[PDB]
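This report concerns only the one structure given below.
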């Protein structure tokens, strides 16, 4: 079926959308940048892949909790999409339980093993 193309907004700092850059880096952008358009594709129930449409990189997380861009699909590119209050979602590494995607108030990524789902830095609101 169809796959939704959206932006994942983290309400920290001035507000940032998760984005994948053309050089393989992952970060945040306040504006609705082309690199922040993400294709969310279901892998299995409750699990999704997050693909940067423009950069052509999947968002991935290493065993050390580091978010990075993967040019090809792997087992480090899958995340459990967990519903939170007020329609926000947390994204937990499928391969490494307990690690979550997160952006800090400075608009940069945080290590997945240094944040918990109760923290705002792991809360993403699906938008446009």
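Because the Cβ atoms are built from the backbone with ideal geometry, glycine has one as well, and the counts that use them run over all protein chains shown. Every read-out reported here was derived from the displayed coordinates using simple, explicitly stated rules and does not represent laboratory data.
Taking every C-alpha pair closer than 8 Å and separated by at least 6 residues, the mean separation divided by the residue count of the chain gives a relative contact order of 26 percent.
By the count of neighbouring beta-carbon atoms within 10 Å, fewest first, 30, 123 end up ordered 30, 123. As a rough guide to protection, the peptides 6-15, 42-51 ranked by mean Cβ packing within 10 Å, highest first, stand as 6-15, 42-51. For the chain, the square roots of the Cα gyration tensor eigenvalues, ordered a ≥ b ≥ c, give a/c below 1.5, which places it in the rounded category.
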